[PDB]
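Have a look at the structure below before the remarks.
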Amino acid sequence: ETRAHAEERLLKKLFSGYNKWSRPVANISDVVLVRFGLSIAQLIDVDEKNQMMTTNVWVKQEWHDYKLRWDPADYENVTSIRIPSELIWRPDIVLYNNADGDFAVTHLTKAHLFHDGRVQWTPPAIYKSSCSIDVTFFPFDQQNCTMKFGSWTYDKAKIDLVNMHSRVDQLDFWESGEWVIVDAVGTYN
Amino acid sequence: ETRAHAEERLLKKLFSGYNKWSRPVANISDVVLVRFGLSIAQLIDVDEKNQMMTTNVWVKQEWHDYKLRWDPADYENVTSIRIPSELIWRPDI
Amino acid sequence: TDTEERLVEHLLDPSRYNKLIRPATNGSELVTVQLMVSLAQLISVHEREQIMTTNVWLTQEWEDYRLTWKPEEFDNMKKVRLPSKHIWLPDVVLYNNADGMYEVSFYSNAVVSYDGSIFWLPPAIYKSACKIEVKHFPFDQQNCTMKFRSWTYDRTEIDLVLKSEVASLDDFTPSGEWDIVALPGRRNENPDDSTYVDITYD
Amino acid sequence: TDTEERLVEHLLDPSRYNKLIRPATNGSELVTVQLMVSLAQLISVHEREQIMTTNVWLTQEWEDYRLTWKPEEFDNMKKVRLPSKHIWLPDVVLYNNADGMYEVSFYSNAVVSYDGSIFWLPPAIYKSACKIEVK
Amino acid sequence: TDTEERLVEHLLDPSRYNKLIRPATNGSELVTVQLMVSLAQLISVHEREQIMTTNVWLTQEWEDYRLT
Ligand SMILES: *[C@@H]1O[C@H](CO)[C@@H](O[C@@H]2O[C@H](CO)[C@@H](O[C@@H]3O[C@H](CO)[C@@H](O)[C@H](O)[C@@H]3O)[C@H](O)[C@H]2NC(C)=O)[C@H](O)[C@H]1NC(C)=O
Ligand SMILES: *[C@@H]1O[C@H](CO)[C@@H](O)[C@H](O)[C@H]1NC(C)=O
Ligand SMILES: *[C@@H]1O[C@H](CO)[C@@H](O)[C@H](O)[C@H]1NC(C)=O
Ligand SMILES: *[C@@H]1O[C@H](CO)[C@@H](O)[C@H](O)[C@H]1NC(C)=O
Ligand SMILES: *[C@@H]1O[C@H](CO)[C@@H](O)[C@H](O)[C@H]1NC(C)=O
Ligand SMILES: *[C@@H]1O[C@H](CO)[C@@H](O)[C@H](O)[C@H]1NC(C)=O
Ligand SMILES: CC(=O)OCC[N+](C)(C)C
Ligand SMILES: [Ca+2]
Ligand SMILES: [Ca+2]
């Protein structure tokens with residue numbers, strides 16, 4: 001009756017025969033559609049001399065797992081749960097143009113899992129990426145630093161990326177006092 | 001029959017009752033002779049102001065484990081193997 | 001003590017305690033987490049990078065109804081230490097940090113009372129970004145804030161509340177370069193979100 | 001899919017596959033590993049420290065006869081992705097590195113073909129020591 | 001030796017020895033720890049940063065009735 005017992009029963013049922021090393025699609029021809037977005041927490045540093053940009057972002061990911069499904073009516077109307085993201089399959093989205101940092105997400109927060117198989121995973125990440133610096137009009141210069149994200153080992157026929165939103169989310173942005181973000185748009189390639 | 005299968009059998013045999021926390025001597029009075037050497041890869045820095053030397057070296061060590069012996073004739077003539085060093089007893093140099 | 005071993009084995013028995021489940025029953029009730037930052041030392045304030053480094057304890061308290069026992073059956077034992085990695089924790093982190101270090105530094109043991117009250121006091125070294133006001137330098141007073149949230153659970157699952165209205169200086173060592181003036185704490189909701197809650201210290 | 005996860009469990013089953021053992025077959029033979037370095041960016045050359053920093057993708061290819069399967073028995077699957085941390089890897093490292101970082105940075109998956117061919121392409125940020133000519 | 005390995009397995013056996021529990025026979029009993037600091041080298045004193053760096057061997061002695 002209690003919610004904790006129902007949640008324990010659900011967790012036991014879900015991970016009974018779950019394989020985290022297998023792409024979670026019922027049919028091999030199916031594509032794992034991963035909705036990808038960014039949210040910039042702050043622009044820590046733009047290093048003109050070293051031509052690196054350091055950003056604090058939240059990597060917002062959302063996909064569907066066909067094995068992590070349940071009917072809430074059988075589990076005391078439990079509609080979603082938080083599970084460690086290291087227990088389940090995740091896409092291997094990495095930053096291509098990394099420089100002096102980590103290629104992949106390393107924090108591995110909990111993933112929000114919904115009764116219909118939807119998984120929302122929004123880990124944070126400090127990225128140090130390379131960008132060419134144009135100092136023709138310094139100190140009146142405007143820089144254009146890019147971040148390239150994509151899966152490392154799954155081609156378009158297996159994992160496909162979708163722009164959650166055109167513009168990088170800046171609701172929780174920490175204004176720096178040295179730079180202003182004129183535009184921050186993600187382009188699918 | 002394949003070298004990999006014989007090596008798997010050997011690995012199962014060697015670590016059946018192996019303890020990595022116990023000094024590897026057949027007799028308590030025995031001494032573990034550790035042949036020790038250094039091979040310098042590069043002298044990274046000699047910090048005179050802080051009075052420190054930074055070196056990149058290979059710490060060559062060599063001892064005998066009396067519980068890690070086998071007959072190669074019983075394992076498809078497997079004469080040696082590479083094992084993780086954290087699975088076995090090592091001197092605390 | 002054999003009694004303490006027996007109690008620790010009984011409490012964390014996997015058949016009856018799962019740390020992946022939030023201790024909220026009878027519907028998705030709220031787990032109220034009391035927060036109290038104690039400032040051990042103000043390590044530094046690097047003005048050029050606008051980063052303040054502090055050494056604090058992130059005192060946290062909540063109630064876990066699954067970690068109760070009868071003291072009479074365990075030699076009148078009224079408290080026990082349990083490893084924090086083995087019990088459900090409210091993943092309260094520093095959100096406004098720079099250098100991307102969110103969690104506590106050590107993950108010390110949690111002190112569990114026989115009535116299910118958890119008292120966790122982990123040490124943390126935090127590098128928090130703050131806005132430097134250079135107008136009156138070198139006679140300047142800075143206002144550097146530390147924002148604390150849970151990066152796992154929202155206001156509908158855990159409620160963050162302030163144990164006291166000011167950060168504690170009970171174990172503070174004066175910095176020598178910066179002088180503490182005030183360390184108030186405030187609990188912030190969002191009138192139009194209903195899933196946002198944070199505790200900020202100025 | 002169910003068949004894909006069945007294959008993955010079958011291949012990496014520790015009772016039949018040990019990742020500490022070299023995939024040597026036909027006796028005391030040797031495993032041939034093919035290397036190819038792809039320079040993705042020359043991040044920097046630090047003359048004063050004599051360190052070159054590069055972003056490279058290190059292609060490593062070898063054949064592991066233990067990771068073979070019949071495509072007919074597994075719904076005509078010709079290749080699968082396996083975590084590189086759970087298979088035998090040749091411990092290929094950058095020897096002349098400065099900063100004491102030998103291994104690749106990410107440890108991506110390894111693409112395994114049904115005949116045992118392993119294709120690994122991890123990215124790496126490498127800092128190697130080189131002699132700067134100042135003349 | 002075989003005897004040493006047997007003893008080490010007996011002592012550290014997690015079934016009978018929990019390393020997270022203080023070795024106090026009674027609830028009110030307390031464990032006495034003896035400390036001694038040996039200064040191997042005073043590496044540096046940084047006046048600006050106000051830090052002393054030392055190389056010390058910290059002797060620590062106590063009793064564990066479970067390791068008998
Ligand atoms: C240090 O910095 C913080 C953050 O910038 C300052 O906090 C802000 O202080 C103002 C003035 O007290 C607050 O506005 C007032 O809020 C109350 C409460 O709702 C309202 O009744 C008033 O009408 C007014 O709107 C503001 O909410 C507050 N913001 C935050 C995020 O805390 C703080 O004042 C600064 N302190 C010093 C000494 O510089
Ligand atoms: C998988 O999808 C393909 C393409 O539509 C289809 O031909 C095949 O029958 C599907 N497999 C199953 C098991 O439904
Ligand atoms: C189940 O919970 C949802 C909220 O998550 C609520 O809207 C719905 O009414 C509940 N249904 C029942 C049958 O309790
Ligand atoms: C910034 O760079 C991107 C890709 O290099 C390009 O598509 C875009 O037009 C640039 N914007 C400006 C304002 O230069
Ligand atoms: C171990 O060595 C000592 C010294 O030579 C000897 O007295 C003793 O018998 C040896 N023990 C065994 C079991 O051989
Ligand atoms: C065993 O292998 C060694 C090389 O490691 C070789 O010299 C020797 O002749 C081999 N013996 C047999 C019986 O195969
Ligand atoms: C298969 C594989 O690992 O490819 C890595 C390189 N990339 C992302 C350009 C395809
Ligand atoms: Ca800068
Ligand atoms: Ca020097």
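Quick note on naming: the chains in the structure tokens go A, B, ... in the order shown, residues restart at 1 in each chain, and ligands are numbered from 1 in order of appearance.
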Just the alpha helix (DSSP H) stuff from chain E, please, per backbone DSSP, written as a ChimeraX atom specification. /E:2-12
Selected residues written out with N, CA and C atoms, as a JSON list (two decimals), in the first residue's frame:
[["chain", "number", "residue", "atom", "x", "y", "z"],
["E", 2, "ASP", "N", 51.52, -20.93, 4.42],
["E", 2, "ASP", "CA", 50.13, -21.35, 4.51],
["E", 2, "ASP", "C", 49.50, -20.89, 5.82],
["E", 3, "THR", "N", 50.26, -20.96, 6.92],
["E", 3, "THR", "CA", 49.73, -20.53, 8.20],
["E", 3, "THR", "C", 49.46, -19.03, 8.22],
["E", 4, "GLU", "N", 50.37, -18.23, 7.66],
["E", 4, "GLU", "CA", 50.14, -16.79, 7.63],
["E", 4, "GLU", "C", 48.93, -16.44, 6.78],
["E", 5, "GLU", "N", 48.78, -17.09, 5.63],
["E", 5, "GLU", "CA", 47.62, -16.82, 4.79],
["E", 5, "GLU", "C", 46.34, -17.22, 5.49],
["E", 6, "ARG", "N", 46.36, -18.36, 6.19],
["E", 6, "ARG", "CA", 45.19, -18.78, 6.95],
["E", 6, "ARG", "C", 44.84, -17.77, 8.03],
["E", 7, "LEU", "N", 45.85, -17.27, 8.75],
["E", 7, "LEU", "CA", 45.58, -16.30, 9.80],
["E", 7, "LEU", "C", 45.03, -15.00, 9.23],
["E", 8, "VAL", "N", 45.61, -14.52, 8.13],
["E", 8, "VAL", "CA", 45.14, -13.27, 7.54],
["E", 8, "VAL", "C", 43.71, -13.42, 7.04],
["E", 9, "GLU", "N", 43.39, -14.56, 6.44],
["E", 9, "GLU", "CA", 42.01, -14.79, 6.01],
["E", 9, "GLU", "C", 41.07, -14.85, 7.21],
["E", 10, "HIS", "N", 41.52, -15.45, 8.31],
["E", 10, "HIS", "CA", 40.69, -15.53, 9.50],
["E", 10, "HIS", "C", 40.43, -14.16, 10.10],
["E", 11, "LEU", "N", 41.46, -13.31, 10.16],
["E", 11, "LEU", "CA", 41.33, -12.02, 10.84],
["E", 11, "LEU", "C", 40.44, -11.07, 10.05],
["E", 12, "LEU", "N", 40.69, -10.92, 8.76],
["E", 12, "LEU", "CA", 40.01, -9.93, 7.94],
["E", 12, "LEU", "C", 38.68, -10.42, 7.38]]
Let me see if you get this right: every residue at most 9 Å from ligand 5, counting only C-alpha atoms and all ligand atoms, written as number ranges by chain. B: 26-30
Give me, as a ChimeraX atom specification, the set of residues whose atoms come within 12 Å of any atom of ligand 8, counting only C-alpha atoms and all ligand atoms. /A:43-54,133,139,143,176-179 /C:48-49
Using only C-alpha atoms, which chain E residues lie at most 7 Å away from chain C, written as a VMD selection string? chain E and resid 21 23 to 27
Show me, as a PyMOL selection string, the residues of chain A whose atoms get within 7 Å of chain C, using only C-alpha atoms for the distance check. chain A and resi 2-4+7+44+56+83+110+126
Residues at most 12 Å from range 33-36 of chain D, counting only C-alpha atoms, excluding those fewer than 2 positions away in the same chain, as a ChimeraX atom specification? /D:22-23,30-31,38-39,56-64,89-93,117-122
Kindly determine which residues of chain D lie within 7 Å of chain A, considering only C-alpha atoms, and give the answer as a PyMOL selection string. chain D and resi 1+4-5+43+106+109
What do you get as a PDB file with C-alpha atoms, in the first residue's frame if you pick all residues at most 8 Å from ligand 9, counting only C-alpha atoms and all ligand atoms?
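Final output, saved to selection_30.pdb:
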ATOM      1  CA  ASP B  45      62.803  19.461 -13.761  1.00  0.00           C
ATOM      2  CA  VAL B  46      65.304  20.540 -11.120  1.00  0.00           C
ATOM      3  CA  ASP B  47      63.495  23.232  -9.121  1.00  0.00           C
ATOM      4  CA  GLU B  48      66.325  25.136  -7.450  1.00  0.00           C
ATOM      5  CA  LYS B  49      64.110  27.701  -5.719  1.00  0.00           C
TER       6      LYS B  49
END
Residues of chain D classed as strand (DSSP E or B) by DSSP on the backbone are to be reported as a ChimeraX atom specification. /D:34-46,51-63,79-83,97,109-113,117-120,123-129
Could you please extract the residues within 10 Å of ligand 6, counting only C-alpha atoms and all ligand atoms, and hand them back as a list in words? residues 72, 73, 76, 77, 78, 79 and 80 of chain B; 27 and 28 of chain D
